[PDB]
Amino acid sequence: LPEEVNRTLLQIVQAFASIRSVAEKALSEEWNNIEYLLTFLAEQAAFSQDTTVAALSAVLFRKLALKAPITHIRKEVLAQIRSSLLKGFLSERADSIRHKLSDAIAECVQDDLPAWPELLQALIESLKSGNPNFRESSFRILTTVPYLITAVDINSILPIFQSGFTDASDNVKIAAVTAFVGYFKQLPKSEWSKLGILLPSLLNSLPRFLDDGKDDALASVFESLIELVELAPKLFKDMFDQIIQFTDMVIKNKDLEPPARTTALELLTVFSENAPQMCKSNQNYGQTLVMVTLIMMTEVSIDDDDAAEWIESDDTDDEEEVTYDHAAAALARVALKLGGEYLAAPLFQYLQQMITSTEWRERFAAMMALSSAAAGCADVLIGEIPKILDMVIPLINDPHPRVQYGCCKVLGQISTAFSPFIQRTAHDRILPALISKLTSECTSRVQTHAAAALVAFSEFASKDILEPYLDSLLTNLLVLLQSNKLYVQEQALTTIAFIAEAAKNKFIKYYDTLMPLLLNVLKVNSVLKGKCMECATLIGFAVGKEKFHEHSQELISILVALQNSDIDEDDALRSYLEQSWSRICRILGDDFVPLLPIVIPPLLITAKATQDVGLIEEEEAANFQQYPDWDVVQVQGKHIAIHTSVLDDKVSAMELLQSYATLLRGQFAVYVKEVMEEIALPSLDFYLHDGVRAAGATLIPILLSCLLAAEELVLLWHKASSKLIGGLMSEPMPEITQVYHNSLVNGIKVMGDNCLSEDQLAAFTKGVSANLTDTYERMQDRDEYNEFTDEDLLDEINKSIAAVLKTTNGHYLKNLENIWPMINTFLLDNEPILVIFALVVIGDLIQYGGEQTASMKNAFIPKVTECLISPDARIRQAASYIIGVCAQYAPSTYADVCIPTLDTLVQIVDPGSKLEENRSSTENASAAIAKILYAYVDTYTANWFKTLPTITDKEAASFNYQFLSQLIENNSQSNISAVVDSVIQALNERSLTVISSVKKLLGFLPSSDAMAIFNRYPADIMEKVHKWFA
């Protein structure tokens, strides 16, 4: 560099340590100059004797070299920069500076950059150096630029890693493992088999960390191995037992500090999430996992045998019980993946023993383990339920209050995991057990947890089941209500609320005494009051409006006070208040209308939150990640920070707006324009958060329907429908695409006839085509290393097509021709889901195309007649519906098919026909033959009859009993009790004036003959029969 340039730059870069903003401007405004600057910073990083200037420049070089980019730099310069960076690397640098140089070097290696064989050469040599920092930095560069691993000869690179894993320096070891795993995460699988052979060297180097007593570095290695399990679990198959036994050995060594033990556990557990067939095939995995988690769950209340503190603390979790926490989450996670088939047996082997230990911590552990495993092992444990209670319930009264708390937890957790069966079956055992912990004989923590577990029970308990226990439940909870710790009172209110919600009308009895207790609590602590208001309005919904009106006015005045009071935190309160207002609206019906000006404005504010995004820089993201309320993602290389909490809050507000609109109907009309234009619609352009986009879409038809019920409607609908249609081509998530289709369907049902314009119809077609294209392409996707959203999307596209055909009244058949190639490929694909989709489109075509489909007759009836006898019941269903609809709307043009196939229908109708799983299919066939018999000798109709009654499909049933009513009133035994029953069953099962026809038939018989038909029927259906007949 020219000598002047140097002292200019030297001054500036020196200003950076500390004057610093003036230097920042100078760089970004002035520094035509980029290659000079890069050349300078690489010189400083390389040769400067000042640490800080060296570091800075290295980091700056790294940043500016991406931005340039390095590609657009002059080869003559690149070379000089490469050579000074390399000279700096091999000179004498501080460790931290070598690391920074390494990262700068890495910015100079690129597929389309000129080859740099001096770097490879320098790495091969540095890996053999006696200075650990040279060795470490070489693996670092292979970490950042894994492709260099491809560029070394295989017979050099393999010893480099084997040496790496075995190195004297832990830091070199960590870097070797990092680079090894990095290789897999960066390169395609076709390259994997080239390092994969090294896994055993790695695994075999693991015991050395325990010999050196270097378990903290073990933890780092475990972390890289955890990533390798996510990428290539099958790689570990051959040495599976050796990693299992090794992690067993580490976890048991309670002398190690927790990180080596918790990361070892995570290694163990992650196999279950990435290779479930693998761990299932190995009996050792499940057994080690359970054994190991039971041990860790024992590590509680350490140095506090009486649990004194623990008793004197409050119901939040002690987050310092780390190994215990991780073990419970591990057990849970593994149980969820592997199931009880595989896990119950090993679990129970151990529980039997620990339940009876004199060590309280082991009795606790056993409760907590069941609690963690129950959901996951539900499939098997739902049948071993008295056995479980026989083990757990005796401990409800354990000397030690933590075992008691533990037992409350399991009873709670199991009530939810084994629901609804356990409520029906074990109320007699569970409720007394829990109720007895409510009494003030027990400790605060235990009473509260028992009350918590009663919520879990109640959630799936009948009003009828809870009824005999309410007085007892209530009297005990009211005591807790007067408790003296906050958390006991809070939980008392929540438990009462949720019991009340389950009790429904059976709670009317307790209303007079409870509500003033609650008013007194409110008139006196934010969470308490919010939980109190929640309890009041849940009680209100349980007992109904009339009853709730005795206190509603006062309640509302307290709500208002609570909402509009100075202190705005707890933020926890806002939500209790919102749900309460909303629940008062379900209670009050239209009498809520006067309250809208209190309740809606805050929800409008929250629901208009913008996409609160920070287009951000590379370092400025990991600290932005610290916040629970924020997440950072990458879109197209560029990084962005998104305020997740705020967007979540937006959704929640939109959900409330949507449910007020749904209940208030026409009364909500005043808000429709504002919610639609400022909330619903702009929410579809929220490309960073799909919840928002979905909540936007679902709001649309409900908004319209509110306006309808009360020109603008048409304007909003046109704007809304257009944004939905356009969304179909641009939306990347298939799950969202479905919401838009569903949203359109619902919109079209609101708006009625001819609600879409011709350009809209054509734009919907392109959307439908792109969506069908992308679904085909995803399904033509599905290994050496690894082990309904499509059906749902297609289900909805069928609904939108049907809906659009109906609104156009056929005219959409024109547009529909453009995507016929698509529909056709589907129809003759192998994949049953695409086939069913196509069949369903075809059925809709004929409904509207009538005899206007002849164009295609010759092209799809061949496959439809196939489909008729398909082993798949859903394919028969769609096919037969097509055949039936053919005779209905396109009669004259389809008899060459309908009448032949008629025998096929007699067959499809007849082992496992009348059976839940194919009852649906054979009902369509049944109606399909009735349709043919109507359009166009008598042997057939006697067949048809033997397929009544029609109970499951509503449109099919609609036709069959319409037909059954013609075959009588305009036509012509001992079929009379089968005739009647066929009808009673249909009505009773809620599938479908056929009654008028039946009466006349009963007219043809003696009073006594007529009355005996009903003999069979019990009271409940004879109550209904009386109210059905003429």
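We number each residue from 1, going along the chain as drawn.
The header says X-ray crystallography, 2.6 Å.
Heads up, the Cβ atoms here are built off N, Cα and C, so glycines get one too.
Annotated in Swiss-Prot:
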MOD_RES   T789  phosphothreonine
REPEAT    34-68  repeat 'HEAT 2'
REPEAT    75-108  repeat 'HEAT 3'
REPEAT    117-144  repeat 'HEAT 4'
REPEAT    154-186  repeat 'HEAT 5'
REPEAT    195-231  repeat 'HEAT 6'
REPEAT    463-503  repeat 'HEAT 12'
REPEAT    546-588  repeat 'HEAT 14'
REPEAT    667-710  repeat 'HEAT 16'
REPEAT    712-751  repeat 'HEAT 17'
REPEAT    811-849  repeat 'HEAT 19'
REPEAT    857-889  repeat 'HEAT 20'
REPEAT    938-969  repeat 'HEAT 22'
Which of 34-68, 195-231, 546-588, 712-751 contacts the repeat 'HEAT 3' (75-108) most, counting Cβ pairs under 8 Å: 34-68
Cα-Cα distance in Å between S972 and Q973, where 5 residues go unmodelled: 10
Flanking Cα pair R782 / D783, between which 4 residues have no modelled coordinates, distance in Å: 11
Helix-strand-coil residue split for the repeat 'HEAT 12' (463-503), DSSP-based: 37 helix, 0 strand, 4 coil
Long-range neighbours of the repeat 'HEAT 19' (811-849), counting only residues six or more past its ends (CB under 8 A): 761-762, 764-765, 768-769, 772-773, 775-776, 779, 790-791, 794, 797-798, 801-802, 804-805, 856, 859-860, 863-864, 867, 872, 874-875, 878-879, 881-882, 885-886, 889-890
Secondary-structure category, per DSSP, in which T789 (phosphothreonine) falls: helix
Per-state residue totals over the repeat 'HEAT 3' (75-108) - DSSP helix, strand, coil: 28 helix, 0 strand, 6 coil
Long-range Cβ neighbours of the repeat 'HEAT 20' (857-889) (under 8 Å; 6 or more residues past either end): 824, 827-828, 832, 835-836, 839-840, 842-843, 846-851, 895, 897-898, 901, 904-905, 907-908, 917-918, 920-922, 924-925, 927-932, 934-936, 959
Within the repeat 'HEAT 20' (857-889), residues counted as helix, strand or coil by DSSP: 29 helix, 0 strand, 4 coil
Where the model skips 4 residues between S18 and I19, distance between their Cα atoms in Å: 8
Anchor-to-anchor CA distance, Å, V524 and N525 (intervening 4 residues not built): 10
